[PDB]
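To begin, one chain is listed below as structure tokens, in the form deposited without benzene hexacarboxylic acid (BHC).
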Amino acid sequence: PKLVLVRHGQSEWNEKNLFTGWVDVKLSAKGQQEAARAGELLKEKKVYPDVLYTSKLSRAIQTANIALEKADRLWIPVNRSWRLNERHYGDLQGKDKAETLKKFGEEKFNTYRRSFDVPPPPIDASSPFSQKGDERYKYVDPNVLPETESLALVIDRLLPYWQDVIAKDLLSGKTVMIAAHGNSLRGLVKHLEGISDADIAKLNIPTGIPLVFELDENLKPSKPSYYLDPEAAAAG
């Protein structure tokens, strides 16, 4: 089995230092260029996904699209899941990152930001930045949909989708591409490689460079993962 991970480029909210989470912000101008770059790289390195999986967030879907266009594999079957979404950013959604750094303190900031299991505070249902009741989730059990998340919770909800849905395709011989987010992709990597809960806070997946994993029959790295641009990704 062959799997390809792609982290979308920057979000418009990202360019203005705002916490996005499940807010459906779109890609930035350079975000869009990285998508082309990612697709460009996909073609260059001869990696052809047979299927596409994306979250329900437009910034990821755009990336997948601009990338497949450039890769010449737009015809590919596509499935989307709330499960591959970014980490819900609780009450922190839509708030300035420099400003949240001074509201709380570095300690509590890195907790609400990088605590493996401490999610930001729950966002109020009436806040303009909560998507509780959003059209794209009307068919999902209302109760599973979070109002805040941590990488811990994210992994919980991501794994089933990988176990049943994504895995069936991998096990069928198809090459899959997953256009997703930072925390959602980070969670799959932690799981995919066997990284401790204390170490996961140090791994960051760069945006715009396809990360490939050649998996064995048990869906585990048969060889080490690789970026299609080891040089750019190496930078950090």
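Residue positions are given as counts along the sequence shown, with the first one as 1.
The discussion below concerns the form solved in complex with benzene hexacarboxylic acid (BHC), not included here.
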>> At 2.4 angstroms from backbone or C-beta atoms, do at least 3 atoms of benzene hexacarboxylic acid (BHC) clash after superposing the site C-alphas onto the pose in the deposited complex, making the site blocked, or is it open?
In response: open
> Taking benzene hexacarboxylic acid (BHC) in the deposited complex as the reference, which of 175, 33, 204, 172 has a non-hydrogen atom within 4.5 Å?
Replying inline: 204
>> Would you classify residue 19 as touching benzene hexacarboxylic acid (BHC) in the deposited complex, given a 4.5 Å non-hydrogen atom cut-off?
In response: yes
>> With a cut-off of 4.5 Å between heavy atoms, is residue 132 one of the residues that contacts benzene hexacarboxylic acid (BHC) in the deposited complex?
In response: no
> If you check in the deposited complex, is residue 157 within 4.5 Å of benzene hexacarboxylic acid (BHC), heavy atoms only?
Replying inline: no
>> Is it the case that residue 97, even though its partner is missing from this view, gets within 4.5 Å of benzene hexacarboxylic acid (BHC) in the deposited complex, heavy atoms only?
In response: yes
> Among 86-94, 122-130, 162-170, 142-150, which stretch sits within 4.5 Å of benzene hexacarboxylic acid (BHC) in the deposited complex, heavy atoms only?
Replying inline: 86-94
> Hey, with benzene hexacarboxylic acid (BHC) in the deposited complex, do 7, 114 and 183 all fall inside the 4.5 Å heavy atom range?
Replying inline: yes
